[PDB]
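Visitor: Experimental structure and sequence below, a few questions after.
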Amino acid sequence: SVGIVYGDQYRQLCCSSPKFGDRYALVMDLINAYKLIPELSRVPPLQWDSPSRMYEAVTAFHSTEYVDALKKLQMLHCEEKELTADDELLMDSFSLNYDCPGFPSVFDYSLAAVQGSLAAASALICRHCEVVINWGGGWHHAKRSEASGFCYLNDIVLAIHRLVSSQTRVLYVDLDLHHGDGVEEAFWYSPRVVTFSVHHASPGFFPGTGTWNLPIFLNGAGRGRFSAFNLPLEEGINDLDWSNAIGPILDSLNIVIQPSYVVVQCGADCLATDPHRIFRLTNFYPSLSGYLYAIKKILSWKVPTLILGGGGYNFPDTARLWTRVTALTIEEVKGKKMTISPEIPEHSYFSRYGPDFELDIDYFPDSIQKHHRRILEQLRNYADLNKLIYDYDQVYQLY
Ligand SMILES: COc1ccc(C(=O)NO)cc1NC(=O)c1cccc2c1oc1ccccc12
Ligand SMILES: [K+]
Ligand SMILES: [K+]
Ligand SMILES: [Zn+2]
């Protein structure tokens, strides 16, 4: 079955942040308005037996002192008094400032995403679900002891850690507009978790990594050498060119790695209508949405898959995309046609989809060959280092 993470308190917490507001409510209510919820298995967020057990789970990646600081930041923001100078310095030492500010629910908000993605991994591990969706997760920038890019706790790293510890190999695919640096870093030294981010990169663009570093392309270290893959793309790319750019890479990674699990971050900020206005992807499902192309390809592998959210700052259009991803996942996994009306159905958030109230977003639509050569060589290097068996020419012919 296809699972999806939600719940009443989960929804409230996922809607409690200043940056993402009620986006999660729009997403889930649009899925509900399209009558998809009866087709999906509800996966409840993980809850713990004690504070100690919760800390044990979160500090499988994050440092104790960072988790302590994140909890204190929440406590301080539930009081009226300003922070002391010492507490400002403490928060600064963990980058709990600027684009990762405090707010009254910052710890509960960030922990909720972890609860959802851990429960999603568990539902895959016990084979209750073949795919699980968590549109409240995907916070790929958070580091062991540092908040980054409004990511406070890295739910992805923790879910992947649960999957590998369940030989197990995980393929991580990051479709967000931004480089998946936190996940890449967490598994930099591990050959068992292969990470692949496609993203925009350019001078001064956040977070700065996932591209040439004379410049060299770093790709992992130690026994994780060659295990971190990146495809940086110039601005303006459309559905077809993005699809042709990542399609052969995805198929090649699946053939060589033969993953036990796939984890996909599906940040919606590549949409042409995202306020970043960098890429020109759509949610169209006949030009075919690059997102839907990638998800369909990944699901064709019949590997247990975790699908996560991430960025996406046009909330109605993020809901438009992720509703289409959710329907596609049902169709591909269950073989059951999901007919989705081109008009937004009436529901509590209907007014957010004006003026036209349609499901399609409102949009009128060499370098990559060099990257393909580089990535194919890295994959050969990864397979050689890890003594993996594979037909080099069947993979080469994909490109
Ligand atoms: C450092 O920035 C990021 C780092 C990481 C990510 C990300 O998605 N990671 O995967 C995103 C940004 N910046 C923005 O989200 C942003 C970008 C443009 C406009 C807005 C933005 O937020 C807004 C909130 C309210 C109103 C407007 C906006
Ligand atoms: K990405
Ligand atoms: K790795
Ligand atoms: Zn992003």
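Guide: Cool, got the structure. Numbering: from 1, shown residues only. Ligands and ions are numbered 1, 2, ... in the order given.
Visitor: Using the three-state scheme, assign the closest residue to residue 244 other than its chain neighbours.
Guide: Leaving aside its sequence neighbours, residue 244 sits nearest to residue 368 (C-beta to C-beta, 6 or more residues apart in numbering; 7.7 Å). Where you see a C-beta, it was placed from the backbone N, CA and C, and this is true even at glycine. Taken by DSSP: H, G, I helix; E, B strand; the rest coil, the conformation at residue 368 corresponds to helix.
Visitor: State the number of residues packed around residue 368.
Guide: 16 (other C-beta atoms under 10 Å).
Visitor: how far away is residue 371 from residue 230?
Guide: 9 Å (C-beta to C-beta, to the nearest Å).
Visitor: hmm, I was thinking of residue 143
Guide: Separation of residue 143 from residue 230 (C-beta to C-beta) stands at 17 Å.
Visitor: Give me the residues contacting stretch 65-72.
Guide: Here stretch 65-72 makes contact (C-beta atoms under 8 Å, 6 or more residues apart in numbering) with 55, 58-59, 87, 90-91, 93-94, 96, 106-107, 110, 144-147, 152-153.
Visitor: Let me see the contact set for the residue nearest to the spatial centre of the chain.
Guide: Most central in the chain under C-alpha atoms, centre = their mean is residue 265, positioned 2.1 Å from the mean C-alpha point. Shown in contact with residue 265 (C-beta under 8 Å, 6+ apart): 138, 140, 156, 172-176, 180, 183, 308-310.
Visitor: Tell me which of residue 371 and residue 230 has more neighbours.
Guide: For the pair residue 371 and residue 230, the greater number of neighbours falls to residue 230 (26 against 18), based on other C-beta under 10 Å.
Visitor: I'd assumed residue 197 was in contact with the more buried one.
Guide: Yes. Counting by C-beta atoms under 8 Å, residue 230 does reach residue 197; the two are 5.4 Å apart.
Visitor: Quickly list what's touching both of the two.
Guide: Common neighbours of residue 230 and residue 197 (criterion: C-beta under 8 Å, 6+ apart): 179, 184, 210.
Visitor: Can you say which of the residues you listed are buried?
Guide: If you count burial by 16 or more other C-beta atoms under 10 Å, the buried members of the shared contacts of residue 230 and residue 197 come out as 179, 184, 210.
Visitor: who in the stretch 101-250 of the chain is up against ligand 4?
Guide: Listed as neighbours of ligand 4 in the stretch 101-250 of the chain under the rule C-beta under 5 Å from the ion: 176-178.
Visitor: Skipping adjacent residues, who's closest to the one residue in the stretch 1-150 of the chain that gets nearest to ligand 1 in space?
Guide: For the stretch 1-150 of the chain, the residue closest to ligand 1 is residue 149, as judged by C-beta to the nearest ligand atom, at 3.1 Å. Nearest in space to residue 149, with sequence neighbours left out and distances taken as C-beta to C-beta, 6+ apart, is residue 141 at 3.9 Å.
Visitor: buried stuff in the helix or strand containing residue 255?
Guide: Assigned by DSSP states H and E, residue 255 belongs to helix 239-257. By neighbour count on 16+ other C-beta under 10 Å, the buried set for helix 239-257 is 239, 241-243, 245-257.
Visitor: Run a quick check on residue 238 versus residue 284, I expect a contact.
Guide: No. Residue 238 is beyond contact range of residue 284, at 10.8 Å (criterion: C-beta under 8 Å).
Visitor: of these two, who's got more company?
Guide: Neighbours per residue (other C-beta under 10 Å) separate residue 238 from residue 284, with residue 284 holding more: 19 against 15.
Visitor: how near is the more buried one to ligand 3?
Guide: Distance, residue 284 to ligand 3, using C-beta to the ion, to the nearest Å: 33 Å.
Visitor: Check residue 309 too.
Guide: From residue 309 over to ligand 3 (counting by C-beta to the ion), the distance is 22 Å.
Visitor: give the contact list for that residue.
Guide: Listed by C-beta under 8 Å, 6+ apart, the contact partners of residue 309 are 27, 134-138, 265-268, 318, 322.
Visitor: what's the nearest residue to residue 25 if we skip its chain neighbours?
Guide: Per C-beta to C-beta, 6+ apart, closest to residue 25 is residue 15, 5.2 Å.
Visitor: dump the residue contacts of the one you found.
Guide: 21-25.
Visitor: From those, pick the one nearest residue 334.
Guide: residue 24 (24.3 Å; C-beta to C-beta).
Visitor: That closest one looks like it's in a strand, true?
Guide: No. Applying three-state DSSP, one finds residue 24 to be helix, outside a strand.
Visitor: Pretty sure it sits against residue 14.
Guide: Yes. Assessed by C-beta under 8 Å, residue 24 is found in contact with residue 14 at 4.0 Å.
Visitor: Between these two, which contacts overlap?
Guide: Shared contacts of residue 24 and residue 14, defined by C-beta under 8 Å, 6+ apart, are found at residue 136.
Visitor: Single out the residue in the stretch 251-399 of the chain that lies closest to ligand 1.
Guide: For the stretch 251-399 of the chain, C-beta to the nearest ligand atom, closest residue to ligand 1: residue 311, 2.5 Å.
Visitor: tell me the secondary structure for that residue?
Guide: State at residue 311, reduced to three classes by three-state DSSP: coil.
Visitor: dump the residue contacts of it.
Guide: Counting by C-beta under 8 Å, 6+ apart, residue 311 makes contact with 138, 176-178, 267-269, 274.
Visitor: let's go with 7 Å and repeat that
Guide: 176-178, 267-269 (C-beta atoms under 7 Å, 6 or more residues apart in numbering).
Visitor: Go ahead and report the secondary structure state at residue 171.
Guide: With three-state DSSP as the basis, residue 171 sits in strand.
Visitor: count of neighbours near residue 63?
Guide: 15.
Visitor: Can the top strand by length along the chain be said to contact ligand 2?
Guide: With DSSP state E setting the assignment, residue counts place strand 193-200 as the longest strand in the chain. Yes. Counting by C-beta under 5 Å from the ion, ligand 2 is contacted by strand 193-200 at 197, 199.
Visitor: on contacts alone, who are the packing partners of that strand?
Guide: strand 170-174, helix 181-186, strand 228-233, helix 239-257 (3 or more C-beta pairs under 7 Å, 6 or more residues apart in numbering; DSSP states H and E).
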